[PDB]
Amino acid sequence: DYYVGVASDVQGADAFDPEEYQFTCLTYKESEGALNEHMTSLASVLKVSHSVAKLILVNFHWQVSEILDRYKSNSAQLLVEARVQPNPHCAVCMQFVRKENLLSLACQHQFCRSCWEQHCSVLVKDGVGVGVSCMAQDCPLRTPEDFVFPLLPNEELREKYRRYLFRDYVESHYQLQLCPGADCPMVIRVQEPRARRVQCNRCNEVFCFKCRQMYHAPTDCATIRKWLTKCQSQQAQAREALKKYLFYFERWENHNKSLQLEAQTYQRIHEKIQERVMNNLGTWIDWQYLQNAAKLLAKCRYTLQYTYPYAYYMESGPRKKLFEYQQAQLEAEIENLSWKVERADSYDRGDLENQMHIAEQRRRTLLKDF
Amino acid sequence: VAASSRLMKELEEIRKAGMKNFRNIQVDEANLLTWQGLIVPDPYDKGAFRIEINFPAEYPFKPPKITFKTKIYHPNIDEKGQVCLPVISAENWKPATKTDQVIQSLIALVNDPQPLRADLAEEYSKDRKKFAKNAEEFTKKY
Amino acid sequence: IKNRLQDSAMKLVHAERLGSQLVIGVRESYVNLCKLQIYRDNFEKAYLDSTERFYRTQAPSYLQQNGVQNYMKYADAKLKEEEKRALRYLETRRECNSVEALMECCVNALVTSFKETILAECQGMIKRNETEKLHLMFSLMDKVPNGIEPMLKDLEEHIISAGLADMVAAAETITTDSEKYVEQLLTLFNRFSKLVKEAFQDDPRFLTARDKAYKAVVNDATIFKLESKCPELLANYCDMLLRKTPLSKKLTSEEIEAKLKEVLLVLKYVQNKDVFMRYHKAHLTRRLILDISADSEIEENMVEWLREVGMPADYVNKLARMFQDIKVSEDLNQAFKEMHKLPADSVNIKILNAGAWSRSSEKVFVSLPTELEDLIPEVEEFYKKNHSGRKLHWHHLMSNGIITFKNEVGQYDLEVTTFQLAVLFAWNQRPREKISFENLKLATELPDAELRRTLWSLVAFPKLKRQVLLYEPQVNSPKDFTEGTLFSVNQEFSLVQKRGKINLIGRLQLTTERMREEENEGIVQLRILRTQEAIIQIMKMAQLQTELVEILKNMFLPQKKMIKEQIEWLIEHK
Amino acid sequence: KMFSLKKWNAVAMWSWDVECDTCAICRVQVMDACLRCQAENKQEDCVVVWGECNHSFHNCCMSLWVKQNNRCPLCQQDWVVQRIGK
Ligand SMILES: [Zn+2]
Ligand SMILES: [Zn+2]
Ligand SMILES: [Zn+2]
Ligand SMILES: [Zn+2]
Ligand SMILES: [Zn+2]
Ligand SMILES: [Zn+2]
Ligand SMILES: [Zn+2]
């Protein structure tokens, strides 16, 4: 009777992870189902043929609301912008053909069947799926897929075309993405699009959702691209530029090389724990905090590694001074913790726990903006 | 497959016309897949040049590559022959343009420059001499 | 004897083995004949080959005859005999590894070639406490390289399965209680530790396996149809041990310390350690203010023990801050009481940090009596006399006191909180009348939920015999309270003694739901309208406040500052 | 009178009377101790400093700041102390 309502008598300021992002892994069959559902929804709300619906969808990144309001605004300009309707004896192979063998698009440019059959095959062999368009110059009217299937001769092709269409459809969809790993039939789905950390559940590949490159937490996707590409009075300018590039690159490369001694220190810590266990100075459960400390140290080093490119581009001001001060403090704490965990013979559980709490707080301080 | 009829028709058409902007051209002794050109624009006013036309198979369905043999001074032309032609490009290509239109566009682009050599583009930001004197010197040198 | 009589010597050794200076002499002859290549190439090779042939021909027969039952004993005896014979015969005076080679051959011929058959029974032998045979099996298998991994795997699986099955088997009782849960955990831990000690002589690898298996068992959440119930139960047990309860009454200090040490040992394997120190903090917060601690030094040492076992520092630091604030507040209260010379010896004050303790400056609205209203400025000035830059927030959910109740039968003493006190002072000016729900809401300035909870507390106390207040419409839960319910003060309350003291505070709440200012604004506005109507009527018709109290005996009791500002408004508007 | 009062106990919470309630250097609550002082297990000694620019920081953190640079972290005015805690 005294201990009845205890579970509801006990915060949102620091509890939340400032690097949390919810996603879900999808296979090809489920992607097919999702795309088909969207197709049969839009092609009914906005009654058209299914292929026309797909061409409209790819142009606007598969956003139902925007398409559906632009339709009520002006359906005519909606269709025109999707490159379906034109904006308001064969010129390819100069010959004469019976009218029964003439096929034309909505733009009404007339060419015979043989060149239509060969053009699509040649462009498919190149590796394009949506780039097919009309032959005559200066008309961007793309061809729906139901106008491309009957032209393709064989069954070896007609399956590469579907793969290309699937790839382009997934690329254009704002909620889906493809795993950058080699030969991975996996698709990532997120309710909202943002630049965060995404991990595959099959090949365990870590990448950013938008740029598909390596995860870059406190740095814009385009900012790191030019850094990766890079990596008299004008003489002084060049000397100073090289000097500051070296001043940042020394720490960048320190951490880059350090991200292999992660596993190497894991090995030494395993050795030390095994030694202290085999000398009967305790049990296994009494020495497990060193591994957690090592993981925390590696995480902090990664975070610090991906801040120097971001600090290289700040405009001089109080924010730069504060960021540098906090960076120095976190570096000092990192060195102190590493010295206590790696090159010490004794150990105090309370002291190491307090140091771990301080180090975690110091790391969390830097991400106050992101 | 259809990489022949268009070729013979185009050769007959260009032979019948006999334009003055383009002086003469040879079939390179029954090659049927490539030949060599000779343009004559009317800066680069004086001088007859040589252009190597590259016609892949299914010529109407593929972009004909363009290159220059004799080195000439132009912002849009690379060191030896690598010149990018928007009409015959990879993206802005249509299987309906014929060789006459593309050679006319080439003559136009030779007639006046477009603001690959980024250094010559930077010169072209404020170019009068660096396009009217050195270019004349090279053209009359070659 | 380069090659002659070597066969005879080997035959003699074989006959002895089946069932003495010549062999030693021949071995010395090889040793000293010619640095010792001849001894390594011959004789030694013949000895090893004869041993291998004899055992490769003999062992399966005895295996088939005596089962897996007698094979381990036979093997141990054979290795002991071979080791003794090898020391007796083979050379050992020149630092040679012949005995090591023979021992390796024997191990490879008697144990390695049957490891699957030996290990097939390990799963069944661990259960039903076959420790005597398990020790022999472990001793034999420790020689072969990496041959004890299946033993560890079987121990892991047995511990996990047995723990889950035993905890499921008694689940209709364990979940509700806490002491039974802790006793079950300790029973399993002790049984498994005793098994390991008796069967494997405290080998570190088996200790590691037991630790992993126990960690798997403790953190399982199959019970409760799955959450986070284990830390709550552990905190409840610690509270029962550390509070003035009958369990703590019938025990001494040493037993309490032993129980706390056992709880810490069990808790060392808990994964989600961020919930235990959030429940323990609340229990300690409740205990340090009601002053219901059985012992203080045990509580002081508990925080150090918790720091040692591996708790996060973010809560241990707060606990230490709490313990220091208790002493600081005691000194401050003594100083205030000495300086202040409602009697001054019946008032206590506590000033506590806002970080370690509850951290929320959310306004809570309640009507206070005259004494408590006048006490606040004195305390505020006393605090501001010394400290600079500090501001005080008064916490009405954690204040308490004792009041006197005069009835027809007699008088008693009641232990109440602020809300109960405010509710009870509604009948001071109308002792024999009845008050409805709406008038109680207006008079006490309380929201709906808090008023309902306080009314339930004062009308239906769990173990009480005769209640203090009375309701007209019957109900079975506080949720079904209407605005037509009338409340009256009982006039036959007792406990039939004519004096005593009872407690109405059980597990005082520390947090409440969020407050909305719209209802408070409306109640206050109605207060201004009612007070202005009453004062205007009295003017139309020193002792002014007395007659205000006399006439406003059915709505509420007006306050001094409200009356002053209202009369200022009146004289402003004539 | 009925329902008199006999004995009372009062509980109050104290906190610093500041604005923006953050040290702006360690980004922790001003009402809690700084990292170093809670690491050294010494309490009741972290006072809060105010400046002429109405900036309220810890004394420990701002002393470590002014050991290198004599300016406010959040502005550029020449830092000078106006009021100190406790
Ligand atoms: Zn055609
Ligand atoms: Zn067209
Ligand atoms: Zn993948
Ligand atoms: Zn990115
Ligand atoms: Zn600070
Ligand atoms: Zn401090
Ligand atoms: Zn400032």
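Don't overthink the numbers, they just go from 1 along the chain as shown.
Note: Cβ is positioned from N, Cα and C throughout, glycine not excepted.
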Joining D:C34, D:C37, D:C60 at the Zn(2+) 3 site recorded in Swiss-Prot, out of D:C46, D:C72, is D:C46
Closest to D:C60 (Zn(2+) 3 binding site): which of the binding-site residues D:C23, D:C53, D:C75, going by Cα position? D:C23
For D:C46 (Zn(2+) 3 binding site), which of the binding-site residues D:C26, D:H55, D:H58, D:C72 has the nearest Cα in space? D:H58
Only counting partners 6 or more residues apart, tell me which same-chain residues put their Cβ under 8 Å from the Cβ of D:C26 (Zn(2+) 1 binding site). D:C34, D:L35, D:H58, D:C61
Taking the Cβ of D:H55 (Zn(2+) 2 binding site) as reference, which residues of that chain separated by at least 6 in sequence fall under 8 Å from it? D:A24, D:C72, D:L74, D:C75
Cβ neighbours within the same chain of D:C53 (Zn(2+) 2 binding site) - under 8 Å, at least six residues apart: D:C72, D:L74, D:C75, D:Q77
Winner by Cβ contact number (other Cβ atoms within 10 Å) across the binding-site residues D:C37, D:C75: D:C37
For D:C23 (Zn(2+) 1 binding site): intrachain residues, at least 6 apart, with Cβ closer than 8 Å: D:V30, D:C34, D:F57, D:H58, D:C61
Which of the three DSSP states, helix, strand or coil, fits D:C46 (Zn(2+) 3 binding site)? coil
Restricting the binding-site residues D:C23, D:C46, D:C53, D:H55, D:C72 to those with Cβ under 6 angstroms from ligand 5 leaves D:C23
Can you name the binding-site residues among D:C26, D:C53, D:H55, D:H58 whose Cβ is less than 8 Å from some Cβ in chain A? D:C26
